[PDB]
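Given next, in structure tokens, is a single chain: the form deposited in one PDB entry.
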């Protein structure tokens, strides 16, 4: 008899529909529409010219390596560089095809159908999507400008032992929250206090607007002796998101598992991409970082000064200290889906908060990104938003 795909599929097929966060992210990007949706890094920072140069030099001088199957752990020097950067040995670094893959790997080796997974609400759609594929039970705690609610977390931890906690300490997506050094130390003790695994996504490590970067769960934990933290770093927010080159740092025991999972995922991360990324960070990484901080800091200050003028104070909006997000909250009882369609009529866009909630929620919240627009688009965008934002209040 005929083929009914809908039933030919397995269970996982239904745990990744992703059909509403696609139709809604599509309605935008039309004619003259300024958008604050999507997390596309600032394009002007892409190092074209020297990427072109490094790529040719690489393919021409070592083409029989960049084009040949390569080790799964990753390109040797790249690993050395990441180790020397983070502060660990090469054998503790696994190059991945973006943090998105590492997330997927993490889920494959840690989650089982029904398993307990702890993360924040809201959180990164990437982790949610990847994890959801393993049909776990999502345990959550709300997150605010001071990071995750550590108390709420204590009562959830005493009631159940989650396979691991997925945190985003530095400038969490989508709130843009920052977890203070104190909270981080408390959160570390709660973890060592129960031998729990912590997955630290530090994609925005270097996007701190302040005069310095607060240490990480990985650092704090490593300088204690505890190896239950898995550090996930990426180059998608400092170099290029398209190259798809990231890494995962962890204790050998777990590392081993990720490597074998990785292998079955795509054999290995493209070699060119790995060598390319290296040939750009071995030269002036410090000033490159320095150069990116200023760019986002600038767009941030601009995003805020415009929000303060056009946005009535009946609605709250975070004040980002790093990263590329502004988490907005409409008064209770009001919807973002409504604000969204009101906004499109004013030719502006954002992402309703809903999809950032593992178990659903944030019906009155929404995320705003300011990393892809101009100090004029930013401003022109906020004018329109707050305009529609004003048309919804009634």
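Positions refer to the first chain, counted from 1. Rigid core (definition): largest C-alpha set, two forms, superposition within 1.5 Å.
The same protein has a further form, the form deposited in another entry, not shown here; the description that follows concerns it.
Here residue 25 counts as shifted, since its C-alpha moves by at least 2 Å between this form and the one not shown after the core is aligned. The Cα shift for residue 329 between this form and the one not shown, taken after rigid core superposition, is smaller than 2 angstroms. Once the rigid core is used as the reference frame, the Cα position of residue 347 differs between this form and the one not shown by 2 Å or more. CA of residue 19 to CA of residue 8: farther apart by 3 Å or more in the other entry than in the shown form.
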